Amino acid sequence: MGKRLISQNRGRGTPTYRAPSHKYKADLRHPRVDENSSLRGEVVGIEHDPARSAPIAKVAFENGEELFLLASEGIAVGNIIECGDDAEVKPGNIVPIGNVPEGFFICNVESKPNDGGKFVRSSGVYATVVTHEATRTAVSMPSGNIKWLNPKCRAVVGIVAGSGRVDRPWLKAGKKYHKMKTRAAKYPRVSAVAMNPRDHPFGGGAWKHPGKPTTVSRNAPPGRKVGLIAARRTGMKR
Amino acid sequence: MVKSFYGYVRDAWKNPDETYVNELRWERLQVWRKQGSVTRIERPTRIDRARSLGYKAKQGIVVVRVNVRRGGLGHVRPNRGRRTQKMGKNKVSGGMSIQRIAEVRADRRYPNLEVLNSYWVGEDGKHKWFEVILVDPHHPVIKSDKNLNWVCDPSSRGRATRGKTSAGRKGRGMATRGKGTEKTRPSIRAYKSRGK
Amino acid sequence: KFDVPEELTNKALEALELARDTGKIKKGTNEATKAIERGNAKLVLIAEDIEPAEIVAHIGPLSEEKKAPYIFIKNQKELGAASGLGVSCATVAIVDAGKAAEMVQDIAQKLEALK
RNA sequence: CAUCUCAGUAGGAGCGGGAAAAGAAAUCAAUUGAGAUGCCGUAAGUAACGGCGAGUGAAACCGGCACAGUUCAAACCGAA
RNA sequence: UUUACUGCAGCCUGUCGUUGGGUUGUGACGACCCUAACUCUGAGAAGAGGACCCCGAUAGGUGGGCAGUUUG
Ligand SMILES: [Mg+2]
Ligand SMILES: [Mg+2]
Ligand SMILES: [Mg+2]
Ligand SMILES: [Mg+2]
Ligand SMILES: [Mg+2]
Ligand SMILES: [Mg+2]
Ligand SMILES: [Mg+2]
Ligand SMILES: [Mg+2]
């Protein structure tokens, strides 16, 4: 049994591949609101979230539930946050996308109603509300897909704070090492051609090469699906 | 046909898909799925089946519903060298039937009783529910009961785990006699497990 | 089925009481089914709180095709008490009305009328 | 050497007593018989299985040790 | 190690079961609609999917991911 890949070790859940969950400030999600209910709240401070390398806003609501929130760009201290359908379409507000005008930017979008926010959460990403229909609504996601979402799926208006984070080159292996200390990722990573044949499909040989096509099928078993997984195409744009 | 009402219950449960038991099945499986693995009940779901199997309306007898997963003994692929006939395990269902599995789980949860019998009560895609009858061998009523006082003997403690119940004896190939039981009776272990 | 009037149910309960005082009554689903099959059921009272439902689910069509009128009582505690016992009784059968025969036959007439 | 054999062995999990399991035919026979079960001898390296290769492989009849037959569900009665 | 031999996991897909109700187009097949099982979310009100998916079994494929062997 040639040795299991790094993905199989990660899936097993060993301490090398586990996230340092105690380092993070708090799970980010929209506040729980009953149907046809609303709550107000004010920002008490902009903190730093190690899980995302972006700011998060500490919001104190009207029922006294101090809840960490994902910070859209421009949110400040002493700003009022509103939730519900009756909430005004304003930056930093949590509203359904069915009330948002088409062409606006939203983030922390919910896959389902009362979801807590799944899509559009990285530092600086945003979504565009494309079309409104009775049962649906189209949102142009940061990837580019025109995802169709429920009209009641909440989202905070504005782009996510911390835009431009990847503009700085890393410039040094220590800087990326210090980022990866607070991450779950393994750093540094050895190339598979440098491995022995027991460790990787691509390892071994008198000279560094895979010896087999790097585009692997989608029907490959675990421990074989490496390289270019199920590629539609390869190479730079000719 | 002056038939007891137990006969009418048995008639209703003979072909449960085309009786009133189908409506009760759709209304009952919702409650049954929410319950635990081993759930105690007031009265048996099929009273005639329990009475013919040995249930009596007296203290010291307990009836419990057990949920067991459907399918065979799910087994692990071996990680070491096998001779290609001992390497495949998807198409292998073990020698332990689901009725024996349910009886053993009922015996596990109820350590001070003994498993008397059990019977099929319902099923869906993922589960089979069995109602297992248990007896209290230290209650005084069962001690006085001459048709249940055999269970106080030392050889009766651990019936469902030594394969002595009716599903157990069926699983040990002792439902019949004569030809075919040359390697099962008196025990699977006696013939080096060649029978079964 | 049309829901029976509450006064008819009360009259059936008092008829069961008077039958217990004077005539013959078969209390229990087994004895009720035997009395229905044999052809003696002057009146059949059923409990609506049976669990499991298979205990008295056969009583309806059996009594209907055996020409014995049946009534549905709300639950079995007062059926058991009215039938002379301190426990439940999922059904009682009246086979000898005694001094309450006329009230039983009027109950049968009302049941067939609202049937 | 892969079916096979090694072998249901080695090992594992559960249960359990001075023994345990088995046990009173929906049996074995053959043209007509026997009459619970276990264990011993024999049937016999026979039937049967098998790259019909290597090997694996019974039971019944029969002769013995020992001898044991019964209790529920139900019909009918109805708290007896 | 592999386009050696024989297989086994994983994955893909038909059929049966789980699995219900009404509509059209055909002679049981395909699609459509519904909530009521079922699934997911929430502490729950409830919200979203929904007879699909998951799951049990079976049939075929892919399959050095893994196993046993051979390579006189
Ligand atoms: Mg390899
Ligand atoms: Mg358990
Ligand atoms: Mg014994
Ligand atoms: Mg012990
Ligand atoms: Mg026995
Ligand atoms: Mg052998
Ligand atoms: Mg190999
Ligand atoms: Mg070998």
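Structure determination for this PDB entry was carried out by cryo-EM, with a resolution of 2.92 Å recorded in the header.

Around RNA strand E sit 34 residues in total, of which A:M1, A:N219, B:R25, B:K91 and B:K126 are the nearest. In the interface set of RNA strand E, defined as its atoms within 4 Å of the protein, sugar plus phosphate atoms amount to 73%. In this structure, A:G2 approaches RNA strand E through a main-chain N or O atom, which is 2.9 Å from a phosphate oxygen. Residues of the surface near RNA strand E, tallied by class, amount to 8 nonpolar, 11 polar and 15 charged.

Moving on to the sheet that holds strand β3 (residues 70-73) of chain C. Residue and element names in this part refer to chain C. Strand order in the open sheet made by the 4 strands is β1-β4-β2-β3, with mixed pairing throughout. The strands lining the two open edges of the sheet, one partner per strand, are β1 (24-27) and β3. On average, each strand axis in the sheet is tilted by 20° relative to the strand beside it, whichever way the strands run. As defined by bridge partners, strand β2 (residues 43-47) adjoins strand β4 (residues 91-96) across 4 bridges and the pair is classed as antiparallel. Across the sheet, residue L45 finds its bridge partner in β4, namely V92. Contacting β1, β2, β3 and β4, helix α1 (residues 6-21) runs over the sheet at an angle of about 105° to β3.

Okay, the nonpolar core next. By size, the foremost hydrophobic cluster in this structure holds 61 residues, and its most contacted members are B:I133, C:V44, C:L45 and C:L111. Of all the elements, α1(C) adds the most residues to this core, at 6 residues. The residues contacting C:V44, other than those within four sequence positions of it, are C:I36, C:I59, C:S63, C:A68, C:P69, C:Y70, C:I71, C:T91 and C:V92. In terms of nonpolar packing, the next biggest core, distinct from the first, is built from 21 residues, A:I56, A:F68, A:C107 and A:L149 among them.

Residue and element names in this part refer to chain C. Here β2 pairs with β3 via 4 bridges, running parallel. Counterpart to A47 in the pairing with β3 is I73. The β-α-β motif built from β2, the intervening helix α3 (residues 59-65) and the parallel element β3 has right-handed crossover chirality.

Time to look at the protein's contact with RNA strand D. Inspection of the region around RNA strand D gives 39 residues, with B:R83, B:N147, B:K164, B:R177 and C:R38 positioned closest. Protein-adjacent atoms of RNA strand D, using a 4 Å cutoff, are sugar or phosphate at a proportion of 86%. Separating a phosphate oxygen of RNA strand D from a side-chain N or O atom of B:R157 is a distance of 2.9 Å. Within the side chain of B:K183, one N or O atom sits 3.1 Å away from a sugar or linking oxygen of RNA strand D. Elements represented by at least two residues in the surface near RNA strand D include exactly α3 (47-53) of chain B together with α2 (29-38) of chain C. Of the residues forming the surface near RNA strand D, the biggest block, 4 residues, is contributed by α2(C).

Here is what the cut-offs are and how they apply
Residues numbered from 1 in each chain as written, not as in the entry; some residues may be left out. Chains lettered and ligands numbered in written order. Part of a larger assembly, values for the part shown. Heavy atoms only, no water. Near = heavy atom within 4 Å. Polar contact = N/O pair within 3.5 Å; in protein donor to acceptor, adjacent residues only side chain to side chain. Nonpolar A, V, L, I, M, F, W, Y, C, P; charged D, E, K, R; others polar. Pairing = 2+ DSSP bridges. Helix = DSSP H or I, 4+ residues; strand = E, 2+ residues; numbered from the N terminus. Axes fitted to C-alpha atoms, helices over the stretch in contact; angles between N-to-C directions. Contact = heavy atoms within 4.5 Å. Core = buried A, V, L, I, M, F, W, Y, C linked by side-chain atoms within 4.5 Å. Buried < 20%, exposed > 50% of the residue type's maximum accessible area, 1.4 Å probe, protein only. Right-handed = clockwise from strand over helix to strand, strands pointing away.

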